[PDB]
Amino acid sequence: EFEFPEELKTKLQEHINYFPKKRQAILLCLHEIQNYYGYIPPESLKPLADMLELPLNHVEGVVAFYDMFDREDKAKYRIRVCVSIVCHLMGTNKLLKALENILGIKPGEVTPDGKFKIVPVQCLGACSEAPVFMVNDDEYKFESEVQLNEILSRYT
């Protein structure tokens, strides 16, 4: 019953046709789906498996293994907040407190409107700019609550 919209199916086909072997496209495909829906719908995996010519079990195992994928919470904007050593030293907790002040949520939580989810992540490879966060694909250094509030106001 569950079918991909054509604009999304077309994009997945591009990924599948990109590498020499179709199965190589699995992670690009999963990123695409998550970008489209705000999460990985459980019902998407079966048809994805068919396009990849892989068993459903294989696809599920891959989704479970890779931490960037989320099969539970739909969110328009993922605020990934680094919680590793350098950001922790340089003020992860200040960023988190500012986020709770502005949005009223803590890591792992989603705002009631589905707009923002906070995702604690390991080192984002930007440690000189600690404390680091992403909003979907955009990455930033946290300076202060006022600065953060302005950045988040760009995401409507």
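Throughout, we count residues from 1 along the sequence that is shown.
Stretches compared: 145-153, 4-12. Higher mean C-alpha B-factor in the entry: 4-12.
Between 121-129 and 45-53, it is 45-53 that carries the larger average Cα temperature factor according to the deposited entry. Sort the chain's modelled residues by C-alpha temperature factor and residue 115 lands in the highest third, per the entry. Residue-level temperature factors show residue 36 in the highest third of its chain, judged at the C-alpha atom.
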